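Written out below as structure tokens is the structure these notes cover.
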Protein chains: 6
Amino acid sequence: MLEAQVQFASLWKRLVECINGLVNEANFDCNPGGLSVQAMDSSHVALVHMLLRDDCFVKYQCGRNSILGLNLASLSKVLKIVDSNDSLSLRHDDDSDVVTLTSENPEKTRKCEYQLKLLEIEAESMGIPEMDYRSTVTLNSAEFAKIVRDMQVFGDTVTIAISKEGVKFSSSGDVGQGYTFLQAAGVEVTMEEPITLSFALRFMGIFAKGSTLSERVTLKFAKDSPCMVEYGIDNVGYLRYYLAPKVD
Amino acid sequence: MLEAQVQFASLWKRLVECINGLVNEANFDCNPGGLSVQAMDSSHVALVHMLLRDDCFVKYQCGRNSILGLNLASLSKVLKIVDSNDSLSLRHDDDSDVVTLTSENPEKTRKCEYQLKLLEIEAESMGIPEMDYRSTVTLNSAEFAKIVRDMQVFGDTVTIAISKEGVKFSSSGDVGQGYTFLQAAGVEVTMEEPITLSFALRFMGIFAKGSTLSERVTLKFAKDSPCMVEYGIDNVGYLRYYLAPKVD
Amino acid sequence: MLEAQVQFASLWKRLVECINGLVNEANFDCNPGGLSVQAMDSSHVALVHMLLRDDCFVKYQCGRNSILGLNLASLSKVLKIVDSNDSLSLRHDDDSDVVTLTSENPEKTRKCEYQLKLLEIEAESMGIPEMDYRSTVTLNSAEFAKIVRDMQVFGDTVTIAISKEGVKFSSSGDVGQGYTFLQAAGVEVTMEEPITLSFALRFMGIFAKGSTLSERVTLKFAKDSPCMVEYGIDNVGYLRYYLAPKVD
Amino acid sequence: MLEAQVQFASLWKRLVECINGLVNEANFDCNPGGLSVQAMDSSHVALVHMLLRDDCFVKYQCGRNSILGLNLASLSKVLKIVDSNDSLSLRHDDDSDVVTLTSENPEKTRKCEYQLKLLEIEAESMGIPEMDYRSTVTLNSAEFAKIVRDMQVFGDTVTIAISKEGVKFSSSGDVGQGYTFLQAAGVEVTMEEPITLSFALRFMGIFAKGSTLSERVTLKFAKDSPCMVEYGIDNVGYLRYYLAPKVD
Amino acid sequence: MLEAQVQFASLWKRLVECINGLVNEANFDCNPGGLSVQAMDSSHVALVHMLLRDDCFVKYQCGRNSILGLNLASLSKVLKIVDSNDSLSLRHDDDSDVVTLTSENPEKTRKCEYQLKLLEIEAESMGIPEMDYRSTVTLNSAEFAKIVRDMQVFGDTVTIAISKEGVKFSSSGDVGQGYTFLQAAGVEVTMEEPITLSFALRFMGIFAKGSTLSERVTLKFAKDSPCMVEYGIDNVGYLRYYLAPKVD
Amino acid sequence: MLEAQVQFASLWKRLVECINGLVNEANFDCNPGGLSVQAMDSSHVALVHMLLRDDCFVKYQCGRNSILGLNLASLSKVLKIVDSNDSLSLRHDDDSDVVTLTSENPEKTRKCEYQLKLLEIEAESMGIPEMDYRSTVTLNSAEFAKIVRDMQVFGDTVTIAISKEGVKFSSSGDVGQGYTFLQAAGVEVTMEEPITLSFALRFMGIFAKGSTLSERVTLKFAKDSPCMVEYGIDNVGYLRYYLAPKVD
């Protein structure tokens, strides 16, 4: 039945790390369009949506829509041991109860094959937000990551404030008060009005692992609405996170 | 009221690590001479004196003598997140209760500002020891650091013995007995008589973080007197530690 | 009166790490032939035999056969602090109760000397039951090490299966099932018949630290018999491990 | 909608201490039968099974089988602060993501309520065993506890030897050799063959905290098979541990 | 010059523990009214005011107002070694630089005398924040102490909420969320309106050692104002703490 | 062939604690007179002499003089686990590398047997001191113990001054200056002239554990000579310590 082979296992390694940060199990919705994972954290505050378009793979075959529930904790453990530069083929057979991962060297002198039992995961229900986003900032993904790590020395909450001149990340706590201001000028603001929301750093931190997938990152906001943080996986996919604003 | 800007935040980062090893809070005596910290460990066995002369800073302004008590634990946490190669401006205002640290990139596209609450710390009450050291050894700071780490596998006490031919560090314990002998030159002994004292490795270890500030380190001894370990910060300051001998 | 000087302390450092993985104390049998260590794990399932031929040392002197029991935990701690590229002289004197390690820089500007108390160790029973190894595989030592680390995500047991055309390492557990197949050449199989044994990963893992001593590693098998894993120390010695199969 | 109220929080306090000794997280299988916990240590050598029958509780309500994963480290911390003689109600609501603990005084003048986040814990494969047991010894639980603490001065392994006349616990090590012999007929041996097995004291020690639940303790053995140590929680449940012998 | 003798040294022992929790040195204002200490923590968030009226002592004499700075750390160390049921006479002389503590047995067969050096302690910064306290709760001092210890398992901040029916202490953190609700009577609420403030547990904890001085404790609150926690020392003095709310 | 059985193991427990405070190994000189231990601290400043007369034991048998070297650290560990109120039989056999300790219940329902390996310990130089003691003070042993613990808050040295009216213990240091004066009777001074010596509290502290053996303790002094501190063990033995003065 299903077969999806990527050339460089890095991609899967880096992806699973990202999504496993948020949830331990997830359904892999596989279509002829490609693989998607959509999942919420157990507190129903944050959502991941990842899509790997079929052009992502050097070989992709998915006639009908199959759905594969997996333990991301186990999957993460197996992927930890796969070499970055080896190929990796995900394969599931008609009514099999197991998915198989197959890695091979460029030189074809080593072949690894792993098998994971599937789960039993109930359909998500709570869906993507339907926004229309007034503001947008795009910045270096690793700067973003650093900023959220940094803001965590102060508090558990970051306030992001977008203005014509740039974006200001702010946090408070016992240690003191911090901010990092990035100037527009590199940081591409493009907003229709000044806007200022707050968020849980716990989740922003989980999101910021996306920096392993994309040199840049885009944040999208809308007053009193879940923000989005998007990491393009070149032209062959995305990783997208949504997070509820804090209280207020 | 105070403004002290260094070009490279590294300096502050490395300093605070050193002094935070010994004490959690300290008063920064700030004069038109520059910043000084003088402080004892809670066991009253060891003393730090640090001075950053005003020529240390690319910009320095301190009309009246203010004293700023700080939590070095918090300060350390904030400095951990400042980029080494960014600038860093320490500033305190007349009516304030807070000191502010302001970092900027070389490119001026990112500005960070942190604020720490001040403390009322009781003014040290313990004077620098009497000088006139009949003995001096100077050595590579990182060798010194390694030696004290090493001597700790044996005991909690190191015996330093200076002779015309060099210096011998010795320790004992369950594991066994060790020594490291460094021969004169590269090791600049310059002494008036052979002399042999013992010291707590706990503190020698704390002092040895000074190796981050200065390629070389000077130890000065005097029979029955606190030794000194000095790290020059170029020509623009020093870091100086004093420690009681072990007698018994 | 024993003296054994190696030019580069690395060797001793890397060796003691390897054997200390298996046992905490061991007798160093010293002859004019060189040093040997032979020891079993406390469960009597696995055996180490190390030999450093006298050509191994830049200086070797052992008139009569002495035996020196040592605490490898202590020895490991002392060797951790000796620089890799320093020389290292092991010396024991006529009924002394202490062995001494002496390190010197290439430049002779630093000299270190450590002393360990000897033990009292009873000579072990098992004594290498050996030979008649029907099958043999040789492979890159670091690949081997990686494979055993990897197989540990699945189980506590690895099944090694040698066939003309390569070796297959397999494991099972909660996470799932995995294998790594290496194809023959690079992997030098040389066997008289297909053969398939199982082993405790705990011990294979301990053995795999041998990769620090030798770019390649040889495994030797024999139906219903302890396997051997051998790491050559470049013509001048070996490190050799033997391990009971799992049978049922 | 789950509810389980015990009259005296002591029970929960003492139980969680016992099981937290072995594992940091565990699933609470809750049925109309009552609560059960079944879990292995991370080395897969030892198994706990606890059952609190529904008659254990002054109020019990569990329509369907729910499973609640918990951090026993956190749960232990919360239970440390609950008064022994207060009541304690464990409550979970439909898709709540949190369990709540509610304590009340006998006099209803003080009410405490705590909330713990649940975990997704993967269901444990290893299923007790089906088993006979040829031998049986029952003894004062606190004597047993003391004996295992004692045997730990000698070694990491205890040898239990059952004979018609009593049971002999034995251990060895650097310190020397010890034994404690308890005579039958107070010690209820009841066996169909003499036998002698060995076990890890680390785990026997963990098990022996059961003495807080039950004045007596029963050990059951079977040649070459996991022993069992059982603590009856009066008539309203049990705590049961299984441990692999040391073999060879 | 000063003489103040208490019959039972317990009092001093218990007091110094309490105040030493907050500050390491303090000025003892000594008048013919009695001894008073008024002192702030280094963060200027918390104030202690202690008064021991002259009727507190079996013998009291202080013609002029002297001020004695003392090291409470040293004083604490000396008081640790004074027997609870011995008498204790504090004495300072005209020309002295030292205060002396003199202990004697009931039977006059043992006499101890200790001498502490005085300090020049600068800050008289202070300022009791007297105000209209709208709300008042009085409760068993040891329950209060337990509650703050308990709330610390969750967070570093407690929210106290006074209502007609009682007072609710609440905290949050990694471990979870907790509360303790005490119902009105035994717990004597007496308030003019419902009121809800937050406070640092670090300081509430320091204050709660007051339970050694007084079976009951009174807390007084006022919207946007420092709370007060008061421990009466019989009829012969008080210990009173004031603490800034957490606002943000 | 030696056998020495005491009725209550307490005695051995309390003794070994006392002497293990000073040294880690010691020879047990066993004669028909009884058991004696004599040992010096490794700094050759302090000496223990213990004697248990043969009437001490409910059963004692020692035809010839045997000497048993023991590790007091191990012995202490074994004795920690022996019940106070059990009997304890020490037994050594003709040409046996091991001594055996055998404990039994009053009720004979439990028997424990431990075996320690002996050591070859070289006879020390260690001559008991010569003199006839000019001064003598006898006091409650636990008061003495408390006094030395107390004097340690000040210094590492205590000055004991005997006069017609009583004895004065004095110490100095960073914390301050202390004394305890005990008045003559209850404290039995009996001296031929006033005399004032100083001693290391480290050792006085070690000695003061003798209070577990004897309600009273006697100190004996002689100008410029080792003091003695003696603890009678009923009428059936003594424990005696000697310590060099500090000369200044």
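Read the figures in this text as sums done on the coordinates, not as results from a lab. Counting neighbours? That spans all protein chains shown, and the Cβs are built from the backbone with ideal geometry, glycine included.
Under 13 Å from the Cβ of A:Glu120, count the other residues' Cβ atoms, weight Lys and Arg +1, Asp and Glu -1, and hand me the total.
-4
Given only helices, namely DSSP H runs of n ≥ 4 each adding -39500 (n - 2.57), what is the per-residue ellipticity at 222 nm of chain F, to the nearest 500 deg cm²/dmol?
Helices in chain F give a 222 nm mean residue ellipticity of -4500 deg cm²/dmol.
Would you list D:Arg64, F:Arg14 from fewest to most Cβ contacts within 10 Å? Present the calculation step by step, with values, prior to reporting the outcome.
Working: D:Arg64 9, F:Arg14 19.
Ascending Cβ contact count within 10 Å gives the list D:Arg64, F:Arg14.
As an exercise, identify the GluC sites (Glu not before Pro) in region D:102-160 lying in DSSP coil whose Cβ has no more than 10 other Cβ atoms within 10 Å. Please list the in-between numbers first.
Details: sites: D:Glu104, D:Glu107, D:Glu113, D:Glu120, D:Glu122, D:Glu124, D:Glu130, D:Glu143; in loops: D:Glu107, D:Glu120, D:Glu122, D:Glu124, D:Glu130.
Here the sparse-neighbourhood loop sites are D:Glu107, D:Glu130.
List F:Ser141, B:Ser42 from most exposed to least, where exposure is judged by having the fewest other Cβ atoms within 10 Å.
Working: F:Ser141 22, B:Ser42 11.
Taking fewest neighbouring Cβ atoms as first place, the list is B:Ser42, F:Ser141.
When only alpha-carbon atoms count, how far does region D:33-189 stretch along each of its three principal axes, as whole angstroms with the largest first?
54, 40, 33
Quick one: net charge around B:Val82, please, counting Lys, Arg +1 and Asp, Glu -1 for every other residue with C-beta under 15 Å from its C-beta.
Computed value for this residue: +2.
How many angstrom separate the Cα center of region A:151-180 from the Cα center of region F:110-159?
So the separation of the two Cα centres works out to 63 Å.
What ranking do B:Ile81, C:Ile19 get, fewest neighbouring Cβ atoms within 10 angstrom at the top?
Sorted ascending by nearby Cβ count, the order is B:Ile81, C:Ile19.
Where the centre of each part is set by its Cα atoms, how far does region A:25-93 sit from region E:187-246, in angstrom?
Centre-to-centre (Cα) distance: 57 Å.
When the Karplus curve 6.51 cos²θ - 1.76 cosθ + 1.60 is applied with θ = phi - 60°, which whole-Hz ³J(HN,Hα) does each residue of region B:108-118 get, with x for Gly and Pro?
6, 9, 9, 10, 10, 9, 10, 10, 10, 6, 7
In square nanometres and to one decimal, what's the mean projected area of the convex hull around the Cα atoms of the protein assembly as shown?
Averaging across all directions leaves 64.3 nm² for the Cα convex hull.
Amide H of C:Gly34: which non-local residues (sequence gap of 5 or more, or other chain) have their own amide H closer than 5 Å, using H built in the peptide plane?
Under 5 Å from the amide H of C:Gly34 lie the amide H atoms of C:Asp54, each far enough along the sequence or on another chain.
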